[PDB]
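Trainee: before I ask anything, here's the sequence and the deposited coordinates:
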Amino acid sequence: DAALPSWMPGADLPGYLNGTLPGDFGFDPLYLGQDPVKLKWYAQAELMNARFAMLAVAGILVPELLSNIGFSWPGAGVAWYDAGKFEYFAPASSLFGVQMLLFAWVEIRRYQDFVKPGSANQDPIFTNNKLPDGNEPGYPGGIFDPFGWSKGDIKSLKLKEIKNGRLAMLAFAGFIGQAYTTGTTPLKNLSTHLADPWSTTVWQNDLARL
Amino acid sequence: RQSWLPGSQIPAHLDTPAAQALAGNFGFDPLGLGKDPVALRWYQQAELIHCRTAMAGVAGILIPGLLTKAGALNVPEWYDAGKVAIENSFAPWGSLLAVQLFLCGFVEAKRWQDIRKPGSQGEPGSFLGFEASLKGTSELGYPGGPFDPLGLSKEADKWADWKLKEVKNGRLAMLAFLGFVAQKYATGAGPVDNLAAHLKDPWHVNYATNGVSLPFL
Amino acid sequence: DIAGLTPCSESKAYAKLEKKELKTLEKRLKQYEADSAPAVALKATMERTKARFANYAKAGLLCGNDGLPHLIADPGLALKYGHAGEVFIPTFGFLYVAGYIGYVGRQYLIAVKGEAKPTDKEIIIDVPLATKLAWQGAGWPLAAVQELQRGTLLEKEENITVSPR
Amino acid sequence: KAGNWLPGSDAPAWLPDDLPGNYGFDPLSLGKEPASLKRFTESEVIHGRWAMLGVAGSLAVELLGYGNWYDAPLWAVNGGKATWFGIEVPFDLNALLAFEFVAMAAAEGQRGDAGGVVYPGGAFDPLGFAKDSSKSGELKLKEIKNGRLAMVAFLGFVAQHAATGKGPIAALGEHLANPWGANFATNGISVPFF
Ligand code: CLA
Ligand code: CLA
Ligand code: CLA
Ligand SMILES: CC1=C[C@H](O)CC(C)(C)[C@H]1/C=C/C(C)=C/C=C/C(C)=C/C=C/C=C(C)/C=C/C=C(C)/C=C/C1=C(C)C[C@H](O)CC1(C)C
Ligand SMILES: CC1=C(/C=C/C(C)=C/C=C/C(C)=C/C=C\C=C(C)\C=C\C=C(C)\C=C\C2=C(C)C[C@@H](O)CC2(C)C)C(C)(C)CCC1
Ligand SMILES: CCCCCCCCCCCCO[C@@H]1O[C@H](CO)[C@@H](O[C@H]2O[C@H](CO)[C@@H](O)[C@H](O)[C@H]2O)[C@H](O)[C@H]1O
């Protein structure tokens, strides 16, 4: 509600969005972050869902692109939605069991910081090890920023993080929809479009499926 | 003031500050059942227990049903699950119900006595040292203590929102159970089938075409 | 089953009564032309008779040696043997309607009593108020218990007139 | 304070600093009332002492090839006789039940009438050990920690058997044989689906 960037040039934006969070373009048509305590939780949520979505999309597209090329390895042409039934060294169940244990420790360590900032910046075992005092929930830094990037224009870097994440979160949503609708991998869906974009729009595809 | 019917006259007994302190107060009491404050307090407790039981039961009918529809589960339909479970149980239904009434009656009596006099179950020396925790909070129907293991009720800036979600989700689950009973008698199928069938042809598959709900049309 | 009675569905007297009833209606249906309005009416009564004898038997009513349905009024026998729609359920249906009328009328008398001329509101009915109470009477049972528990339902003896004794 | 069970959390004030095993863990506020905390303190030590003997004898029998803790009473349920270290014990369940009841009621009655004495002495503390408070404190911390560990161990034994139906040593062998194939997530009980 000032002169900060807007999702719709000329609109009256919500005052609660004041440009303190990265990517504050005043977009809250349903007035969800109007309450400050909800907005505080939603900021971390958006950052967490974005950071996993960014890793996911990378780990979904890179292997497919390598598969198209001559790159050889166990996965090869394994479709992301078919990776679960793939046979690995250990039973899925076992792996999941380990994953939930390992994550219980890290999530509750991250959650402790969020509820009390700077309360989990110390190594439980090697007490001497720790994270620099200056810390905000969602931005642990220290050994999580091993190259010092945070030191430079941190605000621009945080905006690049939120922007790339929102696109990744939308990409994953695409992968889910396009996979269930076109029943094929994303880079295959892109090849179909690049071959004949005009005749390969969701409109025509869904019309044919009707 | 939110109203169940914009423009209608809200009962004065629901506009009183104490009544407005109650979660889900949309000024709805057309029959005037809660005009008496003492009755309004009993009915608020009754609504909370119905809400929390309906939410647990409906979750135990829909969630398993969707998982079975997918395949992750093979649970029988809610209206056939008693027979299936008792078929291979360690006890007949009558013995299982007798044990249920004993254990439920005991905890229901303690909750009852807490309504008659809040904090009474903390009577020192009444429960091998647990009575101290058996005392609820300043709000009847919200015991907390051991019943709030994660201490979410300790955040005063989120208390009201949490109670509104519990009452609204509870009122919805109460209506979803009535719907499960009515739809079972009018269709002869389960709630997940009823949903799929309607979604296939909503304009020809509904309660107006069930041959029961509207015997006049 | 109970009292030595027999299901109307298996009673021979029940069957003979239905035939006897339909034969009277048929002896009369003859003197009339097939489409004649008299004929149509006798046919609809015959259909209604057939449905009654069938509906009563399906309801599991018991029949005495007279071949007529007998009603079981013991709550214990009715519930254990499937005869609760005969007297038990009807009892709670009537009690709800009768209490409805009583509680609404009591609420009306109490409301008009605080007016200028209660007697006038008894000869000329305050329709709007009467309609309001009529709709609010659905929850009378809970209201009656809440009044019984507040001690507001009854009147103090000290305020009620009596003869010298 | 022996430590913080949850780093970054503040200890409940009602928990005394000297209280042995005080890791500031009372999230449900059960020990908030002093009387309640007193009873729970004694009960916790008693539970730990019993469990530390139960775990020991539950592992010993199996390690000595005398069977597992779960199958130890089946002799009574069947027509089998009672054995101990292989040596046969001539007693029916009824005899054992009556003997234990009287023995337990007697000793437990003396302990109960005493008044919550968690740390007696003399007969219960021969070989000195708890004569000096300085040693007593650490020795009381070691007892509670070993007792709590043994209580979690026993529950693990009961849970593992309820899911696999095998003895505690037999499981340790299965897991060591195939850790990624033999674990709680690979039993079809602990983790649903899969
Ligand atoms: C940045 C996200 C993103 C991107 C780049 C794409 C890209 C593509 N999608 Mg798509 N999709 C997305 C998200 C996305 N999708 C989401 C969130 C959904 C809903 C779950 C879908 C559901 C979907 C279906 C059902 C289909 C596609 C299809 C396609 C392909 C061409 C046909 C088409 O345009 O359909 C239309 C796609 C949309 C209308 C989604 C809008 C695009 C999102 C909202 C980005 C917003 C626009 C913004 C300016 C960014 C542009 C991208 C940027 C890199 C320039 C194409 C390569 C078709 C296909 O598979 O081809 C074979 C197809 O049938 N998508
Ligand atoms: C108001 C007058 C009245 C009268 C004269 C009766 C008479 C009778 N009742 Mg009864 N009953 C009544 C009111 C009455 N009832 C009411 C208001 C209720 C609602 C709770 C019931 C509920 C009831 C049940 C559940 C049962 C009976 C049964 C019976 C028969 C045997 C009961 C008995 O032993 O002594 C007479 C009973 C009373 C004077 C008062 C109530 C009945 C008691 C409480 C039931 C005890 C029955 C007992 C198990 C004996 C039968 C053993 C076995 C055959 C079940 C008997 C002819 C039993 C029967 O025959 O079922 C097949 C049966 O089990 N009644
Ligand atoms: C508000 C109306 C009302 C109510 C609540 C009652 C209530 C009662 N009456 Mg009663 N009575 C009424 C009207 C009413 N009466 C009228 C209009 C008459 C004149 C006929 C009588 C004549 C009467 C007699 C002779 C006796 C009772 C008796 C009784 C008591 C025993 C139960 C009973 O109902 O017996 C049965 C009562 C009746 C069969 C009378 C039927 C009256 C109709 C059905 C009520 C309609 C009232 C009015 C038209 C509704 C106005 C609604 C408003 C919105 C406009 C009971 C407390 C008995 C008693 O004293 O027991 C202790 C008793 O012997 N009443
Ligand atoms: C407020 C008002 C006021 C004004 O004045 C008037 C009026 C209007 C009257 C009023 C209204 C009212 C209403 C609406 C009510 C409703 C209610 C309900 C529906 C409830 C439910 C309620 C419901 C509930 C509880 C539920 C419960 C359930 C459960 C437990 C479950 C169970 C189960 C399951 C799991 C499964 C299996 O297999 C089976 C079973 C066994 C079955
Ligand atoms: C609330 C209400 C009213 C009622 C007011 C008052 C005070 C009514 C008084 C009720 C009193 C004092 C009743 C006293 C005793 C009643 C008793 C002992 C009950 C007897 C019933 C029995 C034995 C049951 C018999 C059976 C049952 C189970 C049902 C059927 O199966 C039939 C049968 C006989 C087998 C107002 C104002 C008239 C207005 C209106 C609504
Ligand atoms: C009808 C069959 C089923 C019911 C069986 C009932 C069995 C008998 C009653 C249950 C056992 C009672 O258990 C009882 O617990 C209390 C708890 O303080 C013990 O009480 C003990 O400690 C307290 C102080 O802490 C003392 O005041 C008490 O004098 C002392 O004995 C009793 O010693 C014990 O006997």
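Mentor: Cool, got the structure. Numbers count the residues shown, from 1 in each chain, chains lettered A, B, ... in the order given. Ligands and ions are numbered 1, 2, ... in the order given.

Trainee: now for the longest helix seen in chain C, which elements pack on it?
Mentor: Determined from DSSP state H, the single longest helix within chain C is helix C:88-113. The contact analysis (3 or more CB pairs under 8 Å, 6 or more residues apart in numbering or on different chains; DSSP states H and E) places helix C:88-113 against helix C:75-81, helix C:118-123, helix C:127-136, helix C:140-150. Where C-beta positions appear, they are placed from N, C-alpha and C, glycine not excepted.

Trainee: so which of those helices is nearest residue B:184?
Mentor: Closest to residue B:184 of the helices and strands packed on helix C:88-113 is helix C:75-81 (CB to CB; 23.2 Å).

Trainee: output the contacting helices and strands for the closest one.
Mentor: helix C:88-113.

Trainee: any buried residues in the helix it packs on, and which?
Mentor: Of the residues in helix C:88-113, C:88, C:100, C:103-104, C:107-108, C:111-112 count as buried by neighbour count, 16 or more other CB atoms under 10 Å in any protein chain shown.

Trainee: ok, now stretch B:61-78?
Mentor: Those would be B:61-62, B:64-65, B:67-68, B:75, B:77-78, for stretch B:61-78 by 16+ other CB under 10 Å.

Trainee: Three-state assignment for the residue nearest the centre of chain A, please.
Mentor: Residue closest to the mean C-alpha point of chain A, counted by CA atoms, centre = their mean, is residue A:50 at 2.3 Å. The assignment at residue A:50 comes out as helix when based on DSSP: H, G, I helix; E, B strand; the rest coil.

Trainee: tell me the contacts of it?
Mentor: Neighbouring residues of residue A:50 by CB atoms under 8 Å, 6 or more residues apart in numbering or on different chains: A:161-162, A:164-166, A:168-169.

Trainee: which of those has the largest number of neighbours?
Mentor: The most crowded member of the contacts of residue A:50, judged by other CB atoms under 10 Å in any protein chain shown, is residue A:165 (22 neighbours).

Trainee: what's the host helix or strand of it packed up against?
Mentor: Using DSSP states H and E, residue A:165 sits within helix A:154-182. If contacts are counted by 3+ CB pairs under 8 Å, 6+ apart, helix A:154-182 sits against helix A:36-68, helix A:186-195, helix A:202-208.

Trainee: helix, strand or coil for residue A:22?
Mentor: Put simply, residue A:22 is coil when judged by three-state DSSP.

Trainee: what's the burial count for the nearest residue to residue D:183 once chain neighbours are set aside?
Mentor: Once flanking residues are discounted, residue D:183 sits nearest to residue A:94: 5.5 Å by CB to CB, 6 or more residues apart in numbering or on different chains. Number of residues near residue A:94 (other CB under 10 Å) recorded here: 22.

Trainee: is it true that residue A:94 lies in a helix?
Mentor: Yes - assessed with three-state DSSP, residue A:94 lies in a helix.

Trainee: residue numbers of chain C in contact with chain B?
Mentor: Taking CB under 8 Å from any CB of the partner chain as the measure of proximity, chain C contacts chain B at C:135-136, C:138-139, C:142-143, C:146, C:149-150.

Trainee: can we see that at 6 Å?
Mentor: Within chain C, the positions near chain B by CB under 6 Å from any CB of the partner chain are C:136, C:138-139, C:142, C:146.

Trainee: re earlier: closest to residue D:27 among the buried residues of helix C:88-113?
Mentor: residue C:103 (51.3 Å).

Trainee: wait, the closest one sits on residue C:138?
Mentor: No - look at residue C:103 against residue C:138 with CB atoms under 6 Å: they stay out of range, at 10.1 Å.

Trainee: quick one: distance of the longest helix of chain C to the chain centre.
Mentor: Distance, stretch centre to chain centre, for helix C:88-113: 15 Å (CA atoms, centre = their mean, to the nearest Å).

Trainee: check stretch B:161-181 too.
Mentor: 6 Å.

Trainee: over to stretch A:126-137?
Mentor: Its chain's C-alpha centre and that of stretch A:126-137 lie 24 Å apart, by CA atoms, centre = their mean.

Trainee: and that stretch, what's buried?
Mentor: A:131, A:135, A:137.

Trainee: repeat for stretch D:74-81
Mentor: Neighbour-count burial for stretch D:74-81 flags residue D:76 (criterion: 16+ other CB under 10 Å).

Trainee: contact partners of it?
Mentor: D:82, D:88, D:93 (CB atoms under 6 Å, 6 or more residues apart in numbering or on different chains).

Trainee: same thing but at 8 Å, please
Mentor: Stretch D:74-81 is contacted from outside by D:82-83, D:88-90, D:92-93, D:96, using CB under 8 Å, 6+ apart.

Trainee: tell me which two of these sit farthest apart.
Mentor: D:88 and D:93 (15.2 Å).

Trainee: what about those two, which has more around it?
Mentor: Legend: neighbour count by other CB under 10 Å for residue D:88 and residue D:93, higher for residue D:93 (12 against 8).

Trainee: leaving out chain neighbours, which residue sits closest to that one?
Mentor: Using CB to CB, 6+ apart, the nearest residue to residue D:93 is residue D:76, at 4.1 Å.

Trainee: hmm, back to that, is it true that the residue nearest to residue D:183 touches residue D:184?
Mentor: No - assessed by CB atoms under 8 Å, residue A:94 is found out of contact with residue D:184, at 9.2 Å.

Trainee: distance of residue B:152 from residue B:58?
Mentor: Distance, residue B:152 to residue B:58, by CB to CB, to the nearest Å: 22 Å.

Trainee: ok, these two, which is more surrounded?
Mentor: Between residue B:152 and residue B:58, counted using other CB under 10 Å, the more crowded position is residue B:58 (22 against 11).

Trainee: okay, and the more buried one sits in which element?
Mentor: helix B:37-70.

Trainee: can that helix be found next to chain C?
Mentor: Yes - contact of helix B:37-70 with chain C (CB under 8 Å from any CB) involves B:38-39.

Trainee: before we move on, back to that, secondary structure added to the buried residues of stretch A:126-137, as JSON lines?
Mentor: Listed next are those as JSON lines, based on three-state DSSP:
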{"residue": "A:131", "secondary structure": "coil"}
{"residue": "A:135", "secondary structure": "coil"}
{"residue": "A:137", "secondary structure": "coil"}
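
Trainee: residue in chain C nearest to ligand 4?
Mentor: Using CB to the nearest ligand atom, the closest approach of chain C to ligand 4 is made by residue C:139 at 6.2 Å.

Trainee: also chain A?
Mentor: For chain A, CB to the nearest ligand atom, closest residue to ligand 4: residue A:100, 26.6 Å.

Trainee: contacting residues for residue B:24?
Mentor: Applying CB under 8 Å, 6+ apart, the residues near residue B:24 are B:47, B:164, B:167-168, B:171.

Trainee: and it, its phi and psi?
Mentor: phi 80, psi 20 (degrees, to the nearest 10).

Trainee: just give the closest residue to whichever residue of chain B sits closest to ligand 6, not the sequence neighbours.
Mentor: Residue nearest to ligand 6 within chain B (CB to the nearest ligand atom): residue B:128, separated by 7.4 Å. The shortest distance from residue B:128 to any non-neighbouring residue, by CB to CB, 6+ apart, is to residue D:39 (7.0 Å).

Trainee: can you classify the one you found as helix, strand or coil?
Mentor: Secondary structure, three-state DSSP: residue D:39 is helix.

Trainee: the helices in chain B, which residues?
Mentor: So, for chain B - with DSSP H - the helices run B:12-15, B:17-20, B:37-70, B:81-87, B:93-116, B:131-134, B:159-187, B:191-200.

Trainee: before we move on, the earlier item: select, out of the helices and strands packed on helix A:154-182, the one closest to residue D:161.
Mentor: Going by CB to CB, the one of the helices and strands packed on helix A:154-182 nearest residue D:161 is helix A:36-68, 38.0 Å.
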